[PDB]
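Chains as they are written, first to last, in the deposited numbering: chain D, 16 to 32, 35 to 44, 51 to 134, 140 to 220, 241 to 420, 422; chain B, 15 to 32, 35 to 45, 50 to 135, 140 to 420, 422; chain A, 341 to 420, 422; chain C, 341 to 420, 422.
Okay, structure first, notes after.
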Amino acid sequence: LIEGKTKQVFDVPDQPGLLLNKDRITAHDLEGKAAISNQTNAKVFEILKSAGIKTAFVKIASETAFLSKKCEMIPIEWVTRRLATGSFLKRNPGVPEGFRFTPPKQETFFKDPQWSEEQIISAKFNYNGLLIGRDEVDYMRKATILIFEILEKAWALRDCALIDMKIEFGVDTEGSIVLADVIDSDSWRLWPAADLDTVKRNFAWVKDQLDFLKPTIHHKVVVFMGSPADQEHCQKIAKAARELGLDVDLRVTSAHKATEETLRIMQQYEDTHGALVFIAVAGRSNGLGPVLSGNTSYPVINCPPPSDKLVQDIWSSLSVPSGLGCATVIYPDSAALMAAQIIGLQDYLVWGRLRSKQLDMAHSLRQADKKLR
Amino acid sequence: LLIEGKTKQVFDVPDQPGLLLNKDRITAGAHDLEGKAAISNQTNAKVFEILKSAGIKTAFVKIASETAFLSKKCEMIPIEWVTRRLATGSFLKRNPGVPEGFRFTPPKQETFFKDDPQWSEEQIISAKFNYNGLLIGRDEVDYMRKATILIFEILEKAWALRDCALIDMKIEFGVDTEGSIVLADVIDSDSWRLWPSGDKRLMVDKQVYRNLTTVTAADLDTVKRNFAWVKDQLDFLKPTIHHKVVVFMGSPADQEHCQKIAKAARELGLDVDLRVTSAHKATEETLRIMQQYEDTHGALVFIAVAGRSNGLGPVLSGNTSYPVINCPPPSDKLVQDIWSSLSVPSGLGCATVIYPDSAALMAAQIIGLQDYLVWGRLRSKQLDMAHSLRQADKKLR
Amino acid sequence: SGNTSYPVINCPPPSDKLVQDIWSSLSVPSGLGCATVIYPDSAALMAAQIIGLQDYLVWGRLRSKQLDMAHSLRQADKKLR
Amino acid sequence: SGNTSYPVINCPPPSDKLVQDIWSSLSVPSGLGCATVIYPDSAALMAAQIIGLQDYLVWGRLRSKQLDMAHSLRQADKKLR
Numbered sequence: 016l017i018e019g020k021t022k023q024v025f026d027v028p029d030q031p032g035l036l037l038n039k040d041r042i043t044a051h052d053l054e055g056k057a058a059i060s061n062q063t064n065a066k067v068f069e070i071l072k073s074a075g076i077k078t079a080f081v082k083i084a085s086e087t088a089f090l091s092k093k094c095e096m097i098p099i100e101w102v103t104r105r106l107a108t109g110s111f112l113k114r115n116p117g118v119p120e121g122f123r124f125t126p127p128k129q130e131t132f133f134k140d141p142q143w144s145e146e147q148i149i150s151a152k153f154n155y156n157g158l159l160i161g162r163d164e165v166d167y168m169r170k171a172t173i174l175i176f177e178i179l180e181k182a183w184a185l186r187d188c189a190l191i192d193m194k195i196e197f198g199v200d201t202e203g204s205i206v207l208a209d210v211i212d213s214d215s216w217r218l219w220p241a242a243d244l245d246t247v248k249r250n251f252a253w254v255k256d257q258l259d260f261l262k263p264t265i266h267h268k269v270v271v272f273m274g275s276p277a278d279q280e281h282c283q284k285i286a287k288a289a290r291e292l293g294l295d296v297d298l299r300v301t302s303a304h305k306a307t308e309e310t311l312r313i314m315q316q317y318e319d320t321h322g323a324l325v326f327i328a329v330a331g332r333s334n335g336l337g338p339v340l341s342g343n344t345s346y347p348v349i350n351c352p353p354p355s356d357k358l359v360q361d362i363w364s365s366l367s368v369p370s371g372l373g374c375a376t377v378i379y380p381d382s383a384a385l386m387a388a389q390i391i392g393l394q395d396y397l398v399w400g401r402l403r404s405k406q407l408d409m410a411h412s413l414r415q416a417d418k419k420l422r
Numbered sequence: 015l016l017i018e019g020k021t022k023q024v025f026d027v028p029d030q031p032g035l036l037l038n039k040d041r042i043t044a045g050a051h052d053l054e055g056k057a058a059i060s061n062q063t064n065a066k067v068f069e070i071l072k073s074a075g076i077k078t079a080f081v082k083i084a085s086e087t088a089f090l091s092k093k094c095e096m097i098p099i100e101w102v103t104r105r106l107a108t109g110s111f112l113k114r115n116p117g118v119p120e121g122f123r124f125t126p127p128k129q130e131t132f133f134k135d140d141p142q143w144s145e146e147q148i149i150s151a152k153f154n155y156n157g158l159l160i161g162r163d164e165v166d167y168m169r170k171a172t173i174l175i176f177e178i179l180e181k182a183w184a185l186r187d188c189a190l191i192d193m194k195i196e197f198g199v200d201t202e203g204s205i206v207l208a209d210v211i212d213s214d215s216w217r218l219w220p221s222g223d224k225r226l227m228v229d230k231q232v233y234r235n236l237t238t239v240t241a242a243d244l245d246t247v248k249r250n251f252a253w254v255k256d257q258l259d260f261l262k263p264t265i266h267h268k269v270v271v272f273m274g275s276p277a278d279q280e281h282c283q284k285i286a287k288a289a290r291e292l293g294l295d296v297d298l299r300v301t302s303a304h305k306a307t308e309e310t311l312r313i314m315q316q317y318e319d320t321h322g323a324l325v326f327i328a329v330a331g332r333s334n335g336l337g338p339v340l341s342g343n344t345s346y347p348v349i350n351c352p353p354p355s356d357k358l359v360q361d362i363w364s365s366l367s368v369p370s371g372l373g374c375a376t377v378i379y380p381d382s383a384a385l386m387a388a389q390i391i392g393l394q395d396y397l398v399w400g401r402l403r404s405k406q407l408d409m410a411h412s413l414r415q416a417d418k419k420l422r
Numbered sequence: 341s342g343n344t345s346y347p348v349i350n351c352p353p354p355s356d357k358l359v360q361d362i363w364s365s366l367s368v369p370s371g372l373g374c375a376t377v378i379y380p381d382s383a384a385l386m387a388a389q390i391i392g393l394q395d396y397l398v399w400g401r402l403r404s405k406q407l408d409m410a411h412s413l414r415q416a417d418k419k420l422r
Numbered sequence: 341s342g343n344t345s346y347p348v349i350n351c352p353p354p355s356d357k358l359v360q361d362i363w364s365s366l367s368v369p370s371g372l373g374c375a376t377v378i379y380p381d382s383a384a385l386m387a388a389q390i391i392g393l394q395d396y397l398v399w400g401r402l403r404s405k406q407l408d409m410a411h412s413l414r415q416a417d418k419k420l422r
């Protein structure tokens, strides 16, 4: 159990591994908002789950409650700001409101005075067998900044500047740090009893935006292979790109053996109003890529399959004739990433998953470093 | 002086060596009167500004009044150049069995003679047309076919911003004093077939008028309101999209190379920043500069320029989620040094290019996914390059 | 190539060293018309293309092969699509 | 080469980058008879050796050219000997 003026958290003994019940209060006044918070939070956590962020959140249990992974909370409020405003200004006299933080500032607070990262470490917190050290702190700093960045991106679709946020972490049963609280309209600062109605009218305003926060942008990445032998390699690009959330087509065509038909296949893709990326996969002398780049205005990325001859063959991909923007990459994972980075310019979720992937790789290195050290 | 038409008059303008087109308030699908010369003129002018902004060569100079515009004087080729994306209209009559809405990829393009019977490219060639010293051969016909498709593709993309499906078009070409072929006459709501939401029922073009056997003044009103709407929607078709291309050079010595990138990309309509920083000698500040660029909601492309062992490009890539392009400066050692750009550690999406013009194109190709006008210029440049080759070929042939 | 007037095509066999050795085939002394090819199938095709200038039937078979290869790509495209 | 049945000879222009670029000429996809030569004179000779299968006079000039070259070598030798 845990009591919190705006929420109660109960054990659920029939399900091994929590029920959170949101209350209709504001911290002190009341409203008709507990359903809204639950609705807001569930929406937020789902977006972060789709970005790949690890959360305690499992699913909605009711209109005012949700089911969560059971875990012991680290008594730190993790705060991120893009601008100087609010209580920040008092603590830092001389900084004008609207002072922009690049990268976003991230500060920590105890259960409510400010602590340094040094303080959190020297505090020697211990939850579920996980002592919170600088690695743990590093991960939470990076994760808080990332979460802020994802949501900042989302609200920008609805013409709202996200100004700052506070979140909280906990340690699940298996020693894993999960994002573990409630993120609603009290957790953030968003810009573009009578007074309480206009406050309700605000949570109602946020309730309206929630369905517009995860929109479907349409895009296709098409992989042309010059030969069916390049099959496994292309499937590796596809798998990588699909995991990043891309819609991928695999096609076979030769710029040498089926020149006119190759041009006709890409023109069929050019009848779209969504985003389009071509990946060119051609062993030996790659004319596939350069011919596409010469006949279309959409980005073309060269990804030769693995080969002994790639050391000689790669110059057919590079060193295109002048006036062609064909770019070249050498590994299939990196081809998917390039495509995703391009499409991520229009789809914050792909862009989210890319940043999350970086966090994953970095945290994995530390796991490995701890093992060889 | 004068040149006469149903919907327009073209008078000479004697003080300005170079024509005025005066639009008439008539509608000739049979033939009636309206207040629509001003609507047509304004519709046209907005269309020509967009095509000029894409790089298309036009006779159009500027608006002269509310119903007239100034045009470069040129002799017209008596061909209507028609492009379709979908099957509808008279195409259905000429090709029985092909259902309405049959999709043409690439867009279908047909030609019609001024007499309106259909001609083949052969017929146009064998006609041996000659205007301002330019005899129209297969090369000139190729150019007009390619440009017609290009012009339809640009407008198709533009109308898609206001949720309208452009279904087909008609344009006309002329030859200027200098022997150059320019897109001429007029493009307005009589020139095309427009469907909102891709809905045939909501059509806004002169087809509404063409379908009437009997014609009331009410019917004419609905035509004016449809054309007025189109004129109004055109104002939202050239919007300012936000994007930034940043070139990071590892040394100020790489200065000319980066400027070549900047120059190319600016010609394509991109906003470029040139910055100096080392991923070796100033690691933390390199990261700091890219986080400053990451405070945007616009598009962002990083181009990394690094001689010798390029750690710059791969370091940016490992630290950002925006696309990063490697464009090493020219060098004898590039044959050896290039593998520092290629062959990044697993999990990096850094892509590689070797020529400065070609980095700017990659950047533009990425940005054009969000800016149809930039996308327009890339296609327009491909057209310029192909027409240049034929001229070069004609000289060495 | 130095002692005959008939076309001579070089087709080195496959080898790790072909990357170094191929320049012994290319880069002939001035006044030699030796041409170089790298795969056995492609050498037979060069020979065929040369002889097809006199034998329309060989020339036919070359064109038929191109049609075959293009038609086969579509079979493959239809399977991975 | 992929679109015609007549012989196609590759002759890239001189360039420092030829050591790298030449593999775009060699190493064509399977089923192409594209052949490669590295010098402009040797390209004309390949064409000539092909056309000479049908034009004995062209074929004659190729052998005469070989004779001129051998005889020129001896005059050169006699001068340095």
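Idealized CB from N, CA, C, for every residue including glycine.
Bridge partner(s) assigned by DSSP for residue i
i, result
"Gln406(C)", "Paired residues: none, contrary to the question."
"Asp417(B)", "In the DSSP output, where bridge partners are listed per residue, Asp417(B) has none listed."
"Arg217(D)", "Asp192(D)"
"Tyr155(D)", "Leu158(D)"
"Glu18(B)", "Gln23(B)"
Cutoff 7 Å: residue i Cβ touching any chain D Cβ
i, result
"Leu366(A)", "no"
"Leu385(B)", "yes"
"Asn343(C)", "yes"
"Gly75(B)", "no"
Continuous beta strand (DSSP E) stretch holding residue i: start and end
i, result
"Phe272(D)", "267-273"
"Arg249(B)", "Careful: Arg249(B) lies outside any beta strand (DSSP E), inside the alpha helix (DSSP H) at 241-257."
"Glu95(D)", "94-96"
"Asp297(D)", "296-300"
"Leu90(B)", "88-91"
"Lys39(D)", "36-39"
Proximity of residue i and residue j at Cβ, strictly below 7 Å
i, j, result
"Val325(D)", "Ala416(D)", "no"
"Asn334(D)", "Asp212(D)", "no"
"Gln129(D)", "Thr172(D)", "yes"
"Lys248(D)", "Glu54(D)", "yes"
"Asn343(D)", "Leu393(D)", "no"
"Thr108(D)", "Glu120(D)", "yes"
"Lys72(D)", "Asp200(D)", "no"
"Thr103(B)", "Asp319(D)", "no"
"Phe197(D)", "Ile97(D)", "yes"
Start-to-end residues for the alpha helix (DSSP H) that takes in residue i
i, result
"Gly337(D)", "336-343"
"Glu130(B)", "Unbroken run through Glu130(B) is the beta strand (DSSP E), 123-133; no alpha helix (DSSP H)."
Below-7 Å beta-carbon distance, residue i vs any chain C residue
i, result
"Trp363(D)", "yes"
"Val377(A)", "yes"
"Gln279(D)", "no"
CB contact below 7 Å: residue i versus chain A
i, result
"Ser412(C)", "no"
"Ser333(D)", "no"
Residue i (DSSP reduced to helix, strand or coil)
i, result
"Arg169(D)", "helix"
"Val329(D)", "strand"
"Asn115(B)", "coil"
"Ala375(B)", "strand"
"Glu100(B)", "strand"
"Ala323(B)", "strand"
"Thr201(B)", "coil"
CB contact check: residue i to chain B, cutoff 7 Å
i, result
"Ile390(D)", "yes"
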